[PDB]
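Read the structure below first, then the notes.
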Amino acid sequence: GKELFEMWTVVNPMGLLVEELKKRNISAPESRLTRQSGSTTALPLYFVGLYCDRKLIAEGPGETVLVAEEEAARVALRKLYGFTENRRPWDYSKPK
Amino acid sequence: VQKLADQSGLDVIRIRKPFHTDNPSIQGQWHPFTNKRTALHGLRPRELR
Amino acid sequence: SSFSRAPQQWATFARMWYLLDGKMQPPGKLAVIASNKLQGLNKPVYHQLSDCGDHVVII
Amino acid sequence: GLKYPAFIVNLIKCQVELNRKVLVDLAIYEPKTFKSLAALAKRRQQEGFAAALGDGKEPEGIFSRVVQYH
Amino acid sequence: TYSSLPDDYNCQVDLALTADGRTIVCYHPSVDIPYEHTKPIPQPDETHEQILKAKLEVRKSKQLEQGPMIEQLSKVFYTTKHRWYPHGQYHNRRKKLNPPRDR
Amino acid sequence: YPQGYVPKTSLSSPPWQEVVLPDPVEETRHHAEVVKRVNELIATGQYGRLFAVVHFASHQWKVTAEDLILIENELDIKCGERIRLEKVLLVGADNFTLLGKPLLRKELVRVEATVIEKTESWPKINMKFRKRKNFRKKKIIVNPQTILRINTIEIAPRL
Amino acid sequence: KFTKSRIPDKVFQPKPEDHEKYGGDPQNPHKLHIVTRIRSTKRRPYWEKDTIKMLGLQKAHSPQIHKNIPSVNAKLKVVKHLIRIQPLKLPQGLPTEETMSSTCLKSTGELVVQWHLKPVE
Amino acid sequence: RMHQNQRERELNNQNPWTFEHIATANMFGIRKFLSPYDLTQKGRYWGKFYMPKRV
RNA sequence: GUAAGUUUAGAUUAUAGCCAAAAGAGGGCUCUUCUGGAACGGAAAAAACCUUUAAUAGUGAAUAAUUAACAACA
């Protein structure tokens, strides 16, 4: 029940993401605003999606565009490293 | 004596729910934007462009 | 899925803005739609103690 | 786009015996699975409408076939 | 296009029956947002605290008195004024120190 | 103008719109193709966590691995013992789900659980409404309980 | 004064159309009744309360087996409004000592002598 | 003509259920709520009032 | 169809009812006679009308009663 970044502290997640994408020779992502609500009020909701080659890789929610954009980076990283929430459960079945 | 063996030391008091899960969702928790269609150019209603 | 705890909670309980057009409509039928969204009965996460209403704008 | 009576009744005619408590869990926590069930109930409703309007001996719907036990 | 629900918002539903007729198989892949349906981020001009301070601007009388301050707060968050007043010592001492947490 | 023709009016046609169902012959072919794809996904093991709906005792539980369940009666099983839940109504993954009518076949799905604790409930007060109620015309009810931990959910390519 | 009443005999003489509707041949009459109580005896006269106890119909929605003979029928007519009568049916024959432990009654009124809990196929 | 009309109404009535059958056969135990005269009058008379359309 | 009934021995309390639905009798009361009732659901609140075989734990399920009904000619 522990999320990755709760056990590992990473500042500037976007910077780490850029380097990782370079290693696999992928283009830098393009940030865009997928969904929006209540922008002018004091309780706004933002969805920001990182698009690569006009193809969606990750989407994240946040209170502000900067916060939401940073959230999208963490979602992307988790998928790359295969530490997603819906990943295969660990295996204690083996008696050996 | 047998009852004591089976028990764990946790307090015997009202238990709020019978079921506990740390991974309730596999497909993603519901939020208002699920089940809402997107629009071309991301135009909010009545915005002229 | 795979969001952090706080953004996940923020997204689920966010409040939405809606628009209704009242030209030539009967006032009673307009009220039924507006009352549904004001209480929050359009959300599967509705509870009487959760304050899950939305904004409604009528013209 | 479904009313409550139509959704619940048609699932029963498909031999699905999920109770109301578990259905709420799927809608909140399994949005894609709930949508699949929504289409199934709608289709069975349409098959019933076609069988009603058409009269005489006609083939029964694909999802309107009832498995039997003994 | 056998599915009776449009496939354009949440997922694509494909329903099939097994040969024996005892099981129903569901295939529901997710739908991604098209690039043509997005907007660019407004990079030119943000912490939520900064938004609040602009909203809760202190203009006249320096720190306002209770009443006028509460009326300002109610407008920003779309509530009534009654929400914002304090309570007595009887109610404050009943409150739980350590309420339970589920996960 | 053919016989039995009515000019279009407000009440001429029903409010609902009639639909045309797909033909049976082509649909069966499509059904077989869909089943084939899903079976390959199971065979290649392209899935993550699985969740199942299991009928146990007299109740239905949505379940997943590592979950805790509370049963409000004694079971006759020792602590630390493994069990198999045999009435399963639904198994699901990220991209596909399987529905029984009303139960899935034994081959497809296997769910195993373990007995963790055997206990009793906290005292519950029952006090019937009667004239001259009194404070001592009262009963305390305590019931036995057991706790199960779900261990694994498995599927096999036999659709 | 409210008192016991006697039904006219014509009520129990059927008509040809009734035989078609309910599907019972006026020959080869069935032997055993299935009776269930589907209403309450409160607010009813005491004679109806006593008969319901004689016929064993104390619990509602539980079937009781009785003989289709005139003496029994005289009592059933008294409480006709509180009960439901269905004729018994034995598609696979009367149960024997071998099959006594495998019978099961369906809602249709059929006492099958084999119950496997498996798809018919 | 009134008597002839009354006969016509009874013969062509499309209601399967009539006051006379239910009262005489005590369906529902309806006789708990009725008077002896109801069997004779067959629901056409109530107190001193005559009902012209009751069949 | 069904499980009570008589005899022997011992023992108090009670001896003013209430409303609904029938049939009468003195003319709205007042008596006499047969039936029913005393919800935690329903009829707006609701002793007396209607649904309701006892009483226990459960984040299961099928049902009962259920104040509403759809101004001319012909």
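Labeling convention for the structure tokens: chains A, B, ... as they appear, residues from 1 per chain, ligands from 1 in order of appearance.
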
Using only C-alpha atoms, tabulate the residues of chain C lying at most 10 Å from any atom of chain D, each with its closest atom pair and that distance in Å to one decimal, by chain and increasing residue number, as JSON lines.
{"residue": "C:43", "atom": "CA", "partner": "D:28", "partner_atom": "CA", "distance": 9.3}
{"residue": "C:44", "atom": "CA", "partner": "D:28", "partner_atom": "CA", "distance": 6.4}
{"residue": "C:45", "atom": "CA", "partner": "D:28", "partner_atom": "CA", "distance": 6.9}

Write out, as a PDB file, in the first residue's frame, the residues just selected, with N, CA and C atoms.
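As a result, part28.pdb now contains:
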ATOM      1  N   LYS C  43     -23.804  12.248  -8.494  1.00  0.00           N
ATOM      2  CA  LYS C  43     -22.502  11.649  -8.258  1.00  0.00           C
ATOM      3  C   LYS C  43     -22.659  10.326  -7.525  1.00  0.00           C
ATOM      4  N   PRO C  44     -22.028   9.241  -7.986  1.00  0.00           N
ATOM      5  CA  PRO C  44     -22.123   7.972  -7.247  1.00  0.00           C
ATOM      6  C   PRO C  44     -21.484   8.020  -5.871  1.00  0.00           C
ATOM      7  N   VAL C  45     -20.766   9.087  -5.541  1.00  0.00           N
ATOM      8  CA  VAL C  45     -20.137   9.232  -4.237  1.00  0.00           C
ATOM      9  C   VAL C  45     -20.974  10.124  -3.319  1.00  0.00           C
TER      10      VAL C  45
END

If we count only C-alpha atoms (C1' of nucleotides), what is near stretch 33-41 of chain C at a cut-off of 6 Å, once residues fewer than 4 positions away on the same chain are taken out, given as number ranges by chain?
C: 52-54

Do a neighbour search on residue B:46 at 12 Å with only C-alpha atoms (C1' of nucleotides), toss out local chain neighbours closer than 4 positions, and write the hits as a list in words.
residues 39 and 42 of chain B; 18, 19, 20 and 21 of chain C

Specify as a list in words all residues of chain F found within 10 Å of chain D, counting only C-alpha atoms.
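Close to chain D, chain F has residues 18, 19, 20, 21, 24, 27, 28, 51, 53, 54, 55, 59, 60, 61, 62, 89, 90, 92, 93, 94, 95, 96, 97, 98, 99, 100, 101, 102 and 103 of chain F.
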
What lies within 10 Å of residue H:35 using only C-alpha atoms (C1' of nucleotides), ignoring chain neighbours under 6 positions off, as a ChimeraX atom specification?
/G:1-2 /I:21-23

Residue subset to file, keeping C-alpha atoms (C1' of nucleotides), as a PDB file, in the first residue's frame:
ATOM      1  CA  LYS G   1     -75.893 -10.161  12.631  1.00  0.00           C
ATOM      2  CA  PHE G   2     -72.701 -11.360  10.964  1.00  0.00           C
TER       3      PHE G   2
ATOM      4  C1'   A I  21     -69.165  -3.080  11.434  1.00  0.00           C
ATOM      5  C1'   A I  22     -74.191  -5.669  11.269  1.00  0.00           C
ATOM      6  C1'   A I  23     -79.908  -6.546  13.293  1.00  0.00           C
TER       7        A I  23
END

Pick out the chain B residues within 12 Å of chain C. Count only C-alpha atoms. Give them as a ChimeraX atom specification.
/B:23-36,44-46

Can you write just those residues out, N, CA, C and O atoms, as a short mmCIF file (atom, residue, chain, number, x, y, z; two decimals), in the first residue's frame?
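In the end it all went to selection-v2.cif:
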data_model
loop_
_atom_site.label_atom_id
_atom_site.label_comp_id
_atom_site.auth_asym_id
_atom_site.auth_seq_id
_atom_site.Cartn_x
_atom_site.Cartn_y
_atom_site.Cartn_z
N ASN B 23 -5.91 -1.57 -1.65
CA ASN B 23 -5.89 -1.36 -3.09
C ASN B 23 -7.32 -1.48 -3.61
O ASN B 23 -7.66 -2.42 -4.34
N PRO B 24 -8.19 -0.53 -3.25
CA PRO B 24 -9.61 -0.66 -3.60
C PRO B 24 -9.87 -0.67 -5.10
O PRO B 24 -10.85 -1.29 -5.53
N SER B 25 -9.04 -0.01 -5.90
CA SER B 25 -9.32 0.19 -7.31
C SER B 25 -8.21 -0.41 -8.17
O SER B 25 -7.03 -0.30 -7.84
N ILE B 26 -8.62 -1.03 -9.27
CA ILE B 26 -7.69 -1.50 -10.29
C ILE B 26 -7.75 -0.65 -11.55
O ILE B 26 -6.72 -0.46 -12.21
N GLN B 27 -8.92 -0.13 -11.91
CA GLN B 27 -9.11 0.63 -13.14
C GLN B 27 -9.10 2.13 -12.93
O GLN B 27 -9.19 2.88 -13.91
N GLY B 28 -8.97 2.60 -11.69
CA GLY B 28 -8.98 4.03 -11.42
C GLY B 28 -10.26 4.53 -10.77
O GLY B 28 -11.36 4.21 -11.21
N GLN B 29 -10.10 5.33 -9.72
CA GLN B 29 -11.23 5.81 -8.94
C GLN B 29 -12.05 6.82 -9.74
O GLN B 29 -11.52 7.60 -10.54
N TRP B 30 -13.36 6.81 -9.52
CA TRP B 30 -14.27 7.67 -10.26
C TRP B 30 -14.05 9.13 -9.88
O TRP B 30 -13.97 9.48 -8.70
N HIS B 31 -13.95 9.99 -10.89
CA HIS B 31 -13.98 11.43 -10.71
C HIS B 31 -14.92 12.03 -11.75
O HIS B 31 -15.26 11.37 -12.74
N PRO B 32 -15.37 13.27 -11.54
CA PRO B 32 -16.47 13.79 -12.38
C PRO B 32 -16.18 13.77 -13.87
O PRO B 32 -17.13 13.70 -14.67
N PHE B 33 -14.92 13.85 -14.28
CA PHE B 33 -14.62 13.93 -15.70
C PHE B 33 -14.72 12.59 -16.41
O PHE B 33 -14.93 12.56 -17.63
N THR B 34 -14.56 11.47 -15.70
CA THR B 34 -14.89 10.19 -16.30
C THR B 34 -16.34 10.23 -16.78
O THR B 34 -17.22 10.71 -16.07
N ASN B 35 -16.56 9.73 -17.99
CA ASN B 35 -17.87 9.66 -18.64
C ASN B 35 -18.31 10.99 -19.24
O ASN B 35 -19.50 11.14 -19.55
N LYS B 36 -17.41 11.95 -19.40
CA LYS B 36 -17.71 13.21 -20.08
C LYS B 36 -16.88 13.29 -21.35
O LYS B 36 -15.65 13.18 -21.31
N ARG B 44 -14.76 25.52 -24.10
CA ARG B 44 -15.81 25.49 -23.10
C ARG B 44 -17.10 26.03 -23.69
O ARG B 44 -17.08 26.79 -24.66
N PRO B 45 -18.25 25.65 -23.14
CA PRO B 45 -19.53 25.97 -23.80
C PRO B 45 -19.68 27.47 -24.05
O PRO B 45 -19.43 28.29 -23.17
N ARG B 46 -20.08 27.80 -25.28
CA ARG B 46 -20.41 29.13 -25.76
C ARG B 46 -19.17 29.99 -26.00
O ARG B 46 -19.32 31.16 -26.38
#

Shell around residue G:34 at 6 Å using only C-alpha atoms (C1' of nucleotides), local window under 5 positions removed, as a PyMOL selection string
chain G and resi 64-65+85-86

Output N, CA and C atoms for every residue in that selection, as an mmCIF file, in the first residue's frame.
data_model
loop_
_atom_site.group_PDB
_atom_site.id
_atom_site.type_symbol
_atom_site.label_atom_id
_atom_site.label_comp_id
_atom_site.auth_asym_id
_atom_site.auth_seq_id
_atom_site.Cartn_x
_atom_site.Cartn_y
_atom_site.Cartn_z
ATOM 1 N N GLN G 64 -48.231 -27.289 2.153
ATOM 2 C CA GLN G 64 -48.736 -28.440 2.886
ATOM 3 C C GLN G 64 -49.472 -29.361 1.920
ATOM 4 N N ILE G 65 -49.311 -30.669 2.110
ATOM 5 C CA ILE G 65 -49.878 -31.677 1.219
ATOM 6 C C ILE G 65 -51.132 -32.251 1.863
ATOM 7 N N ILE G 85 -54.336 -22.925 -3.941
ATOM 8 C CA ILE G 85 -54.379 -24.362 -4.196
ATOM 9 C C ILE G 85 -53.758 -24.633 -5.559
ATOM 10 N N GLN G 86 -52.807 -25.565 -5.601
ATOM 11 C CA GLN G 86 -52.235 -26.043 -6.848
ATOM 12 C C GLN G 86 -52.217 -27.566 -6.860
#

Please identify all residues of chain G having at least one atom at most 9 Å from any atom of chain H, considering only C-alpha atoms, and return them as a PyMOL selection string.
chain G and resi 1-3+5-8+11+44+79-82

Distance table requested - chain A against chain F, cut-off 8 Å, only C-alpha atoms: one row per qualifying residue with the closest atom pair and its distance in Å to one decimal, ordered by chain and rising residue number, as CSV.
residue,atom,partner,partner_atom,distance
A:86,CA,F:49,CA,5.7
A:87,CA,F:48,CA,4.8
A:88,CA,F:48,CA,4.0
A:89,CA,F:49,CA,5.9

How would the residues just chosen look if you wrote them out with N, CA, C and O atoms as an mmCIF file, in the first residue's frame?
data_model
loop_
_atom_site.group_PDB
_atom_site.id
_atom_site.type_symbol
_atom_site.label_atom_id
_atom_site.label_comp_id
_atom_site.auth_asym_id
_atom_site.auth_seq_id
_atom_site.Cartn_x
_atom_site.Cartn_y
_atom_site.Cartn_z
ATOM 1 N N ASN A 86 -1.937 -0.521 -10.156
ATOM 2 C CA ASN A 86 -2.556 -1.750 -10.636
ATOM 3 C C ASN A 86 -1.533 -2.777 -11.117
ATOM 4 O O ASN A 86 -1.887 -3.674 -11.890
ATOM 5 N N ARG A 87 -0.282 -2.667 -10.681
ATOM 6 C CA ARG A 87 0.736 -3.632 -11.064
ATOM 7 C C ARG A 87 0.430 -5.003 -10.465
ATOM 8 O O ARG A 87 -0.384 -5.146 -9.549
ATOM 9 N N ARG A 88 1.098 -6.019 -10.998
ATOM 10 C CA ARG A 88 0.863 -7.384 -10.547
ATOM 11 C C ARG A 88 1.186 -7.504 -9.060
ATOM 12 O O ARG A 88 2.263 -7.069 -8.629
ATOM 13 N N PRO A 89 0.297 -8.082 -8.247
ATOM 14 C CA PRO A 89 0.602 -8.244 -6.822
ATOM 15 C C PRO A 89 1.872 -9.054 -6.608
ATOM 16 O O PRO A 89 2.198 -9.954 -7.385
#

Within 12 Å of residue B:12, counting only C-alpha atoms (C1' of nucleotides), which residues show up once you throw out same-chain ones fewer than 2 positions away? Write them as a PyMOL selection string, please.
(chain B and resi 7-10+14-15) or (chain F and resi 119-124+142-145)

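Taking only C-alpha atoms (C1' of nucleotides), the non-local environment of residue I:1 within 8 Å (same-chain residues fewer than 3 positions away omitted) comprises residues 54, 55, 71 and 72 of chain G.
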
Give as an MDAnalysis selection string every residue of chain B that touches chain I within 12 Å, counting only C-alpha atoms (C1' of nucleotides).
chainID B and resid 16:19

Proximal residues of chain G relative to chain D (only C-alpha atoms; 9 Å) as a PyMOL selection string:
chain G and resi 114-121

Expected answer as a PyMOL selection string: strand (DSSP E) residues in chain C:
chain C and resi 17-20+55-58

Return as a count of residues only the residues belonging to chain E that are within 12 Å of chain C, counting only C-alpha atoms.
4
